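So this one's run_2.cif, mmCIF, N, CA and C atoms and all ligand atoms:
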```cif
data_my_file
#
loop_
_atom_site.label_atom_id
_atom_site.label_comp_id
_atom_site.auth_asym_id
_atom_site.auth_seq_id
_atom_site.Cartn_x
_atom_site.Cartn_y
_atom_site.Cartn_z
N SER V 98 -8.24 5.78 -14.47
CA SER V 98 -7.65 5.84 -13.10
C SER V 98 -7.91 7.19 -12.44
N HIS V 99 -7.35 7.39 -11.25
CA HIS V 99 -7.52 8.64 -10.52
C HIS V 99 -6.25 9.10 -9.81
N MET V 100 -6.06 10.41 -9.75
CA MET V 100 -4.89 10.99 -9.09
C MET V 100 -5.30 11.67 -7.80
N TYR V 101 -4.35 11.82 -6.89
CA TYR V 101 -4.62 12.45 -5.60
C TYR V 101 -3.70 13.63 -5.35
N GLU V 102 -4.04 14.41 -4.32
CA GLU V 102 -3.29 15.61 -3.96
C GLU V 102 -3.46 15.86 -2.47
N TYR V 103 -2.37 15.75 -1.72
CA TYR V 103 -2.43 15.93 -0.28
C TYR V 103 -1.81 17.20 0.26
N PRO V 104 -2.23 17.62 1.45
CA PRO V 104 -1.71 18.83 2.08
C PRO V 104 -0.22 18.67 2.38
N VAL V 105 0.51 19.78 2.35
CA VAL V 105 1.93 19.77 2.69
C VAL V 105 1.99 20.55 4.01
N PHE V 106 2.44 19.91 5.09
CA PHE V 106 2.51 20.58 6.38
C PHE V 106 3.90 21.11 6.73
N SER V 107 3.92 22.27 7.38
CA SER V 107 5.18 22.89 7.79
C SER V 107 5.69 22.38 9.13
N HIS V 108 7.01 22.44 9.29
CA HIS V 108 7.65 22.00 10.51
C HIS V 108 9.01 22.69 10.60
N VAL V 109 9.50 22.86 11.82
CA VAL V 109 10.78 23.52 12.04
C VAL V 109 11.66 22.71 12.99
N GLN V 110 12.94 23.06 13.04
CA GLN V 110 13.88 22.37 13.92
C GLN V 110 13.46 22.58 15.37
N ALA V 111 13.40 21.49 16.13
CA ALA V 111 13.02 21.56 17.53
C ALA V 111 14.16 22.20 18.32
N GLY V 112 15.05 21.36 18.85
CA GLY V 112 16.17 21.87 19.60
C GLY V 112 17.04 22.75 18.73
N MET V 113 18.13 23.25 19.30
CA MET V 113 19.03 24.12 18.56
C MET V 113 20.02 23.26 17.78
N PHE V 114 20.36 22.10 18.35
CA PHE V 114 21.30 21.19 17.72
C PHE V 114 20.60 19.89 17.37
N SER V 115 19.29 19.97 17.12
CA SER V 115 18.49 18.80 16.80
C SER V 115 17.86 18.81 15.40
N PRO V 116 18.67 19.04 14.36
CA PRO V 116 18.16 19.07 12.98
C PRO V 116 17.22 17.91 12.66
N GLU V 117 17.46 16.74 13.26
CA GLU V 117 16.60 15.59 13.02
C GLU V 117 15.27 15.79 13.73
N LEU V 118 15.32 16.39 14.92
CA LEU V 118 14.09 16.65 15.66
C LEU V 118 13.37 17.74 14.89
N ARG V 119 12.06 17.59 14.77
CA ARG V 119 11.25 18.56 14.04
C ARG V 119 9.94 18.78 14.79
N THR V 120 9.32 19.93 14.56
CA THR V 120 8.06 20.24 15.21
C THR V 120 7.13 20.87 14.20
N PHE V 121 5.86 20.50 14.26
CA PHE V 121 4.89 21.07 13.34
C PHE V 121 4.67 22.52 13.68
N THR V 122 4.60 23.36 12.66
CA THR V 122 4.38 24.78 12.86
C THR V 122 2.90 25.02 12.98
N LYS V 123 2.55 26.16 13.57
CA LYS V 123 1.15 26.51 13.72
C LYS V 123 0.64 27.06 12.38
N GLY V 124 -0.64 26.83 12.11
CA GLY V 124 -1.21 27.34 10.87
C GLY V 124 -1.61 26.26 9.89
N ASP V 125 -2.62 26.56 9.08
CA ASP V 125 -3.11 25.63 8.07
C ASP V 125 -2.08 25.54 6.96
N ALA V 126 -2.22 24.54 6.10
CA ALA V 126 -1.28 24.39 5.00
C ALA V 126 -1.74 25.26 3.83
N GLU V 127 -0.77 25.73 3.05
CA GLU V 127 -1.06 26.55 1.89
C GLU V 127 -0.52 25.90 0.63
N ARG V 128 -0.09 24.65 0.76
CA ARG V 128 0.45 23.91 -0.37
C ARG V 128 -0.06 22.47 -0.42
N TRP V 129 -0.60 22.07 -1.58
CA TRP V 129 -1.12 20.72 -1.80
C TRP V 129 -0.40 20.10 -2.98
N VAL V 130 0.29 18.99 -2.73
CA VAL V 130 1.04 18.32 -3.79
C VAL V 130 0.36 17.05 -4.26
N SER V 131 0.29 16.89 -5.58
CA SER V 131 -0.35 15.73 -6.18
C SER V 131 0.56 14.51 -6.26
N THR V 132 -0.05 13.36 -6.57
CA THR V 132 0.66 12.10 -6.70
C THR V 132 -0.28 11.03 -7.26
N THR V 133 0.30 9.92 -7.70
CA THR V 133 -0.47 8.81 -8.25
C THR V 133 -0.94 7.96 -7.08
N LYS V 134 -0.16 8.03 -6.01
CA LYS V 134 -0.37 7.26 -4.80
C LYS V 134 -1.66 7.58 -4.04
N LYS V 135 -2.49 6.56 -3.87
CA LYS V 135 -3.74 6.69 -3.13
C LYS V 135 -3.45 6.35 -1.67
N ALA V 136 -3.94 7.18 -0.76
CA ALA V 136 -3.72 6.97 0.67
C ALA V 136 -4.92 7.42 1.50
N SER V 137 -4.83 7.28 2.82
CA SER V 137 -5.92 7.66 3.72
C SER V 137 -6.11 9.18 3.76
N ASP V 138 -7.28 9.61 4.24
CA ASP V 138 -7.58 11.03 4.30
C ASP V 138 -6.85 11.78 5.42
N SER V 139 -5.92 11.12 6.09
CA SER V 139 -5.14 11.78 7.12
C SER V 139 -3.73 11.91 6.58
N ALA V 140 -3.53 11.46 5.34
CA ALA V 140 -2.24 11.52 4.67
C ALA V 140 -1.81 12.96 4.38
N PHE V 141 -0.51 13.21 4.42
CA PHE V 141 0.03 14.55 4.20
C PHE V 141 1.50 14.49 3.75
N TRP V 142 2.02 15.62 3.28
CA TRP V 142 3.41 15.70 2.83
C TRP V 142 4.27 16.48 3.80
N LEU V 143 5.56 16.15 3.80
CA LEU V 143 6.55 16.83 4.63
C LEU V 143 7.72 17.14 3.72
N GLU V 144 8.36 18.27 3.97
CA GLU V 144 9.50 18.66 3.16
C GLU V 144 10.77 18.36 3.94
N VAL V 145 11.63 17.53 3.36
CA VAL V 145 12.90 17.16 3.97
C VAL V 145 13.75 18.42 3.96
N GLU V 146 14.11 18.92 5.15
CA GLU V 146 14.91 20.14 5.22
C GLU V 146 16.33 19.96 5.75
N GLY V 147 16.79 18.71 5.84
CA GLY V 147 18.13 18.44 6.32
C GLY V 147 18.86 17.47 5.42
N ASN V 148 19.88 16.80 5.94
CA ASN V 148 20.63 15.85 5.14
C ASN V 148 20.86 14.54 5.88
N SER V 149 20.17 14.36 7.00
CA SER V 149 20.31 13.15 7.79
C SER V 149 19.81 11.94 7.01
N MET V 150 18.97 12.20 6.01
CA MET V 150 18.44 11.12 5.19
C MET V 150 19.04 11.18 3.79
N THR V 151 20.23 11.77 3.69
CA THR V 151 20.94 11.89 2.43
C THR V 151 22.09 10.88 2.42
N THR V 152 21.99 9.90 1.53
CA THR V 152 22.97 8.82 1.38
C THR V 152 23.97 9.03 0.24
N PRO V 153 25.12 8.32 0.29
CA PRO V 153 26.19 8.38 -0.72
C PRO V 153 25.72 7.98 -2.13
N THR V 158 17.99 4.78 -2.90
CA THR V 158 17.11 5.47 -1.96
C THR V 158 17.83 6.60 -1.22
N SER V 159 17.22 7.78 -1.20
CA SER V 159 17.79 8.96 -0.52
C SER V 159 16.77 10.10 -0.50
N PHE V 160 16.80 10.92 0.56
CA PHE V 160 15.88 12.05 0.70
C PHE V 160 16.59 13.35 1.07
N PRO V 161 17.08 14.10 0.07
CA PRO V 161 17.78 15.37 0.29
C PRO V 161 16.88 16.55 0.68
N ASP V 162 17.50 17.61 1.21
CA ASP V 162 16.77 18.82 1.60
C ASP V 162 16.07 19.30 0.35
N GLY V 163 14.74 19.32 0.39
CA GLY V 163 13.99 19.77 -0.76
C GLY V 163 13.05 18.71 -1.29
N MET V 164 13.23 17.48 -0.84
CA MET V 164 12.37 16.39 -1.28
C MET V 164 11.14 16.26 -0.41
N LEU V 165 10.02 15.92 -1.03
CA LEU V 165 8.77 15.76 -0.30
C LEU V 165 8.49 14.29 -0.03
N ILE V 166 8.06 14.00 1.19
CA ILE V 166 7.74 12.63 1.56
C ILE V 166 6.27 12.57 2.00
N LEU V 167 5.54 11.61 1.45
CA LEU V 167 4.13 11.44 1.78
C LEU V 167 3.96 10.55 3.01
N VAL V 168 3.39 11.12 4.06
CA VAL V 168 3.18 10.42 5.32
C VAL V 168 1.73 10.00 5.49
N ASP V 169 1.51 8.73 5.82
CA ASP V 169 0.17 8.21 6.03
C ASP V 169 0.05 7.62 7.44
N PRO V 170 -0.53 8.38 8.38
CA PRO V 170 -0.70 7.93 9.77
C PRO V 170 -1.63 6.71 9.90
N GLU V 171 -2.22 6.29 8.79
CA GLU V 171 -3.15 5.18 8.85
C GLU V 171 -2.65 3.84 8.36
N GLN V 172 -1.37 3.74 8.04
CA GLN V 172 -0.87 2.46 7.59
C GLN V 172 0.14 1.89 8.58
N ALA V 173 0.05 0.59 8.83
CA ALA V 173 0.95 -0.07 9.76
C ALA V 173 2.40 -0.06 9.27
N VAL V 174 3.32 0.30 10.15
CA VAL V 174 4.73 0.35 9.81
C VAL V 174 5.47 -0.82 10.47
N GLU V 175 6.38 -1.44 9.72
CA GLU V 175 7.17 -2.57 10.23
C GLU V 175 8.64 -2.36 9.81
N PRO V 176 9.59 -3.08 10.44
CA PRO V 176 11.00 -2.91 10.08
C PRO V 176 11.23 -3.01 8.57
N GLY V 177 11.95 -2.04 8.02
CA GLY V 177 12.21 -2.05 6.59
C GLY V 177 11.51 -0.88 5.94
N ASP V 178 10.50 -0.35 6.63
CA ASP V 178 9.74 0.79 6.14
C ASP V 178 10.35 2.07 6.67
N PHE V 179 10.04 3.17 6.00
CA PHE V 179 10.48 4.48 6.43
C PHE V 179 9.26 5.04 7.15
N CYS V 180 9.47 5.88 8.15
CA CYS V 180 8.34 6.40 8.90
C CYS V 180 8.68 7.69 9.61
N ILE V 181 7.66 8.25 10.23
CA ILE V 181 7.81 9.44 11.02
C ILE V 181 7.59 8.93 12.44
N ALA V 182 8.59 9.10 13.30
CA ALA V 182 8.46 8.66 14.68
C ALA V 182 8.35 9.87 15.59
N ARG V 183 7.52 9.75 16.62
CA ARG V 183 7.32 10.82 17.59
C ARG V 183 8.15 10.48 18.83
N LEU V 184 8.89 11.46 19.34
CA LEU V 184 9.73 11.26 20.53
C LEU V 184 9.54 12.38 21.54
N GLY V 185 9.68 12.04 22.82
CA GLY V 185 9.53 13.03 23.87
C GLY V 185 8.10 13.52 24.04
N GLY V 186 7.22 13.07 23.16
CA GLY V 186 5.83 13.47 23.24
C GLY V 186 5.43 14.65 22.38
N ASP V 187 6.40 15.42 21.90
CA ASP V 187 6.07 16.58 21.07
C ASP V 187 6.80 16.60 19.72
N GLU V 188 8.12 16.41 19.75
CA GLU V 188 8.92 16.42 18.53
C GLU V 188 8.81 15.12 17.72
N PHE V 189 9.26 15.15 16.47
CA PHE V 189 9.21 13.96 15.61
C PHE V 189 10.43 13.86 14.70
N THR V 190 10.68 12.66 14.17
CA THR V 190 11.83 12.47 13.30
C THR V 190 11.50 11.58 12.10
N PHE V 191 12.24 11.77 11.02
CA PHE V 191 12.07 11.01 9.77
C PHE V 191 13.21 10.01 9.69
N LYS V 192 12.90 8.73 9.91
CA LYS V 192 13.93 7.70 9.88
C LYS V 192 13.43 6.41 9.25
N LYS V 193 14.35 5.47 9.06
CA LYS V 193 14.00 4.17 8.51
C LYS V 193 13.85 3.21 9.69
N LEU V 194 12.71 2.53 9.79
CA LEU V 194 12.54 1.60 10.89
C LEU V 194 13.30 0.33 10.54
N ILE V 195 14.17 -0.09 11.44
CA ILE V 195 14.96 -1.29 11.20
C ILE V 195 15.09 -2.16 12.44
N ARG V 196 15.72 -3.31 12.27
CA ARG V 196 15.97 -4.24 13.36
C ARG V 196 17.46 -4.49 13.42
N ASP V 197 18.12 -3.91 14.41
CA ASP V 197 19.55 -4.12 14.55
C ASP V 197 19.75 -5.18 15.64
N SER V 198 20.09 -6.39 15.21
CA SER V 198 20.31 -7.50 16.12
C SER V 198 19.10 -7.77 17.00
N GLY V 199 17.91 -7.62 16.43
CA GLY V 199 16.69 -7.86 17.19
C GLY V 199 16.12 -6.62 17.86
N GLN V 200 16.91 -5.55 17.93
CA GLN V 200 16.47 -4.30 18.55
C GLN V 200 15.85 -3.38 17.50
N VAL V 201 14.75 -2.73 17.87
CA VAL V 201 14.05 -1.81 16.98
C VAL V 201 14.69 -0.42 17.07
N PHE V 202 15.24 0.05 15.95
CA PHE V 202 15.90 1.35 15.89
C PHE V 202 15.42 2.22 14.73
N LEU V 203 15.65 3.52 14.86
CA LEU V 203 15.32 4.45 13.79
C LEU V 203 16.68 4.78 13.20
N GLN V 204 16.86 4.46 11.91
CA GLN V 204 18.13 4.68 11.24
C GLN V 204 18.14 5.78 10.18
N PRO V 205 19.12 6.69 10.25
CA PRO V 205 19.22 7.78 9.28
C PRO V 205 20.04 7.24 8.11
N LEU V 206 19.75 7.69 6.90
CA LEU V 206 20.51 7.23 5.74
C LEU V 206 21.92 7.82 5.76
N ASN V 207 22.08 8.93 6.47
CA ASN V 207 23.37 9.57 6.59
C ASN V 207 24.09 9.07 7.85
N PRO V 208 25.15 8.27 7.67
CA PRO V 208 25.94 7.70 8.77
C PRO V 208 26.54 8.75 9.71
N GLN V 209 26.39 10.02 9.38
CA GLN V 209 26.91 11.06 10.25
C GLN V 209 25.90 11.37 11.34
N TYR V 210 24.80 10.64 11.34
CA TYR V 210 23.77 10.84 12.36
C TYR V 210 23.57 9.56 13.16
N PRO V 211 23.36 9.70 14.47
CA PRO V 211 23.16 8.54 15.35
C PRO V 211 21.85 7.78 15.14
N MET V 212 21.83 6.54 15.59
CA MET V 212 20.63 5.72 15.50
C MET V 212 19.91 5.89 16.84
N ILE V 213 18.58 5.84 16.81
CA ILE V 213 17.79 6.01 18.02
C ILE V 213 16.89 4.80 18.28
N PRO V 214 16.73 4.43 19.56
CA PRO V 214 15.87 3.29 19.90
C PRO V 214 14.43 3.75 19.82
N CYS V 215 13.51 2.81 19.64
CA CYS V 215 12.12 3.17 19.62
C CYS V 215 11.42 2.23 20.58
N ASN V 216 11.38 2.63 21.84
CA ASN V 216 10.77 1.81 22.88
C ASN V 216 9.77 2.60 23.73
N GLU V 217 10.27 3.36 24.70
CA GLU V 217 9.37 4.11 25.58
C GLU V 217 8.92 5.47 25.05
N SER V 218 9.81 6.46 25.05
CA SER V 218 9.43 7.79 24.55
C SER V 218 9.45 7.78 23.03
N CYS V 219 8.98 6.68 22.45
CA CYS V 219 8.96 6.54 21.01
C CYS V 219 7.73 5.80 20.50
N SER V 220 7.04 6.43 19.55
CA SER V 220 5.86 5.86 18.92
C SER V 220 5.91 6.19 17.43
N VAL V 221 5.25 5.38 16.60
CA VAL V 221 5.24 5.61 15.15
C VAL V 221 4.02 6.38 14.67
N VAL V 222 4.25 7.56 14.12
CA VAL V 222 3.19 8.44 13.62
C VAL V 222 2.64 8.10 12.24
N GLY V 223 3.45 7.47 11.40
CA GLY V 223 2.96 7.14 10.08
C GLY V 223 3.99 6.55 9.15
N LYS V 224 3.50 5.94 8.08
CA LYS V 224 4.37 5.32 7.10
C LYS V 224 4.65 6.25 5.94
N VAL V 225 5.89 6.24 5.44
CA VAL V 225 6.25 7.05 4.29
C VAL V 225 5.88 6.10 3.15
N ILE V 226 5.08 6.58 2.21
CA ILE V 226 4.62 5.74 1.11
C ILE V 226 4.93 6.28 -0.26
N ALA V 227 5.49 7.47 -0.32
CA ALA V 227 5.83 8.07 -1.60
C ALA V 227 6.71 9.28 -1.39
N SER V 228 7.22 9.81 -2.49
CA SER V 228 8.09 10.97 -2.45
C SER V 228 8.05 11.72 -3.77
N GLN V 229 8.54 12.94 -3.73
CA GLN V 229 8.63 13.76 -4.92
C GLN V 229 10.00 14.41 -4.82
CA CA V 301 -9.47 7.84 7.86
CA CA V 302 16.14 23.25 3.81
CA CA V 303 4.14 -3.80 5.32
CA CA V 304 9.18 9.46 -6.15
#
```

Could you write out this structure as structure tokens?
Amino acid sequence: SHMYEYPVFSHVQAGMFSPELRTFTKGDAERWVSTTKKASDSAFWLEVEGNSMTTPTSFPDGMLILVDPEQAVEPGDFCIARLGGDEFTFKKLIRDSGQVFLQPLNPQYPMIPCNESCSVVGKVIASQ
């Protein structure tokens, strides 16, 4: 068999009170994390730096999530969604009564619609 290793990209809190909102930092990556998971060449890792995805499946501050911008995302999958055109968020894509929403694993965070100022950047396919 064969193993893979993808770049880990940096990102920081967008707004001042928007821990869920994140923005990619400037600069190349200096960290490459391996995995058994094979993905597209645009695949990369992100470091969970908050607790909005921390449940009572869970992604605590310090966990790495592998993002693949080349795989189709559907309700039930976790993904990185882009909002406002610049910032992005890590949520679970779901269907609440037929409506498409981004859901945080931590109930202390609000759910967001994904319609106009919302597009899907990639599927989460693995974690460390
Ligand atoms: Ca490609
Ligand atoms: Ca942190
Ligand atoms: Ca699928
Ligand atoms: Ca894992």

**Report entry** Close residues, residue 112 in chain V itself excluded, 12 Å, only C-alpha atoms, min 4 positions apart in chain, as a PyMOL selection string
**Finding:** chain V and resi 116-120+185+187-189

Requested in this report: Mind checking which residues fall within 10 Å of residue 106 in chain V, counting only C-alpha atoms, ignoring those fewer than 5 positions away in the same chain, and posting them as number ranges by chain?
Outcome: V: 121-129, 141-144

Query - Test item: residues lying within 7 Å of ligand CA 301 (chain V) with only C-alpha atoms and all ligand atoms, as a PyMOL selection string - result: chain V and resi 137-139+171

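Here CA of residue 133 in chain V and atom C of residue 162 in chain V stand 21.4 Å from one another.
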
Considering only N, CA and C atoms and all ligand atoms, give me a table of residues in chain V that are at most 6.5 Å from ligand CA 303 (chain V), with the closest atom pair and distance in Å for each, as JSON lines.
```
{"residue": "V:173", "atom": "C", "partner": "V:CA303", "partner_atom": "CA", "distance": 5.7}
{"residue": "V:174", "atom": "C", "partner": "V:CA303", "partner_atom": "CA", "distance": 6.1}
{"residue": "V:175", "atom": "N", "partner": "V:CA303", "partner_atom": "CA", "distance": 5.5}
```

Selection to disk with N, CA and C atoms, as a compact mmCIF listing (two decimals), keeping the file's coordinate frame:
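Result file follows (again_21.txt):
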```txt
# COMPACT_ATOMS: atom_id res chain seq x y z
N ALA V 173 0.05 0.59 8.83
CA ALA V 173 0.95 -0.07 9.76
C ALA V 173 2.40 -0.06 9.27
N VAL V 174 3.32 0.30 10.15
CA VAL V 174 4.73 0.35 9.81
C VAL V 174 5.47 -0.82 10.47
N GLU V 175 6.38 -1.44 9.72
CA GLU V 175 7.17 -2.57 10.23
C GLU V 175 8.64 -2.36 9.81
```

Query - Expected answer as a VMD selection string: residues within 8 Å of ligand CA 304 (chain V), only C-alpha atoms and all ligand atoms - result: chain V and resid 227 to 229

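One distance worth recording is that between CA of residue 226 in chain V and atom C of residue 169 in chain V, which is 8.0 Å.
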
**Report entry** Interatomic distance (Å, one decimal) between atom N of residue 221 in chain V and atom N of residue 182 in chain V
**Finding:** 6.0 Å
